[PDB]
Amino acid sequence: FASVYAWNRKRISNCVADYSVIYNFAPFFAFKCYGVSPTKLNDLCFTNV
Amino acid sequence: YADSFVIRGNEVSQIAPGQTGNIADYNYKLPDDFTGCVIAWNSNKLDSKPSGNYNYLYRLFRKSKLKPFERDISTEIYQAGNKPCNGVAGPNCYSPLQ
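As given, the protein sequences belong to chains B and C, one line each in that order.
Position one of the first sequence corresponds to residue 347 (the deposited numbering), numbered consecutively onward.
Position one of the second sequence corresponds to residue 396 (the deposited numbering), numbered consecutively onward.
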């Protein structure tokens with residue numbers, strides 16, 4: 347991926363997504379979650395992520 | 396109520412309540428109110444061994460979360476992925492023990 351000088355911003359929309367594919371990765375270190383608790387990122391609909 | 400354990404200096408700051416860390420994960424949960432205190436001191440001259448203390452273990456990859464003041468001591472069979480690992484399959488075992 348790119349360095350901090352040029353981030354790769356993406357617009358995720360129109361799809362239906364869950365939290366399992368994010369849990370495919372084990373070495374999670376900076377798992378800090380703000381605003382929304384990690385255990386309940388499911389069953390709630392955003393407007394644009 | 397006094398408890399004792401041995402952790403690295405990196406994880407020492409994780410004993411604070413209301414935070415997520417390597418220790419504060421599934422492995423160990425502590426009450427967030429935390430009326431008590433925490434006492435720690437360096438013991439690199441005793442616990443450390445020239446041969447390498449690989450006998451110290453910790454379960455990072457436990458499936459479910461933990462409730463404060465709950466014991467996590469069991470076989471801890473690893474069953475993840477989109478298939479029944481059954482503990483014998485082989486791949487994706489990544490056992491929590493380290």
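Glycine is no exception: its CB is placed at the ideal position from the N, C-alpha and C atoms.
- With a threshold of 8 Å between beta carbons, C:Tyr-423 makes no contact with chain B.
- Contact of C:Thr-415 with chain B by beta-carbon distance below 7 Å involves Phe-377, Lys-378.
- B:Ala-372 reaches chain C at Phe-456, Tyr-489, counting residues in chain order whose Cβ is nearer than 8 Å.
- At a Cβ-Cβ threshold of 8 Å, C:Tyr-396 and C:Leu-461 do not count as neighbours.
- Relative to C:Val-401, the option among C:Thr-415, C:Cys-488, C:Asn-448, C:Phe-429 whose CA is nearest is C:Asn-448.
- Taking 8 Å as the cut-off, the Cβ atoms of C:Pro-486 and C:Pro-463 do not count as close.
- Nearest Cα to B:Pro-384 within the set B:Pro-373, B:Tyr-351, B:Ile-368: B:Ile-368.
- At a Cβ-Cβ threshold of 8 Å, B:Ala-372 and C:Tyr-489 count as neighbours.
- The alpha-carbon of C:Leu-455 is positioned some 21 Å away from that of B:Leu-387.
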